[PDB]
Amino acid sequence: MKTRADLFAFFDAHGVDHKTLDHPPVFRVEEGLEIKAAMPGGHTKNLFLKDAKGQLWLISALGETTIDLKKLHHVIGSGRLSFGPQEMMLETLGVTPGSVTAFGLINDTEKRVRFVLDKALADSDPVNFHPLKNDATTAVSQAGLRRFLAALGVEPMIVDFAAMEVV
């Protein structure tokens, strides 16, 4: 529901530094080399999940982190995890499949989505996410990411995915 301009206006009001590279959507490793070279820091995958108890989850991780979904419920204290329905992704994050992003939390006005943050991503600086669509990548400092989450009242559950521990 919120546009990219709404997101950047929210960033500016809350001190979230942002630098955006517009680019064609990336599917091949060949074109990925170019975005990673142009945008230092952590690059991400973002999974919209729904658990067997009905809770919606968003996991943001480094692209190279393996999320063992089938065993993650024992770590985060959820029901067994599945991918969340596309309609709820739109309703709660304002994005479509392929454009999932932690920045979609700006759309979760009723706080339906619990946020899980990869510890290796929490330690990265800067970090990179889609600005609500996969035809751009936006870099924010780690401090900016924390300002963004704090402004939304989102406290991340920080997960070491190698040790499968909340840290």
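One-based numbering along the sequence shown.
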Seminar exercise, completed: Comparing mean C-alpha B factor in the record for 24 to 32 and 52 to 60, the higher one is 24 to 32
Problem set entry | Residue stretch of maximal mean CA temperature factor, 139 to 147 vs 6 to 14 | 6 to 14
Exercise. Highest CA temperature factor in the entry: which of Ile106, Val116, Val127, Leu69?
Worked result: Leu69
Seminar exercise, completed: Among the modelled residues of its chain, the C-alpha B-factor of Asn46 falls in the third labelled lowest
Exercise. Within this chain, which third does the Cα B-factor at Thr65 fall in: lowest, middle or highest?
Worked result: middle
Problem set entry | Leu93 - which third its CA temperature factor falls in, relative to the rest of the chain | middle
Seminar exercise, completed: The third of the chain into which the C-alpha temperature factor of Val100 falls is the middle
For this session: Sorting the chain's modelled residues by C-alpha B-factor, tell me whether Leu132 ends up in the lowest, middle or highest third.
Result: middle
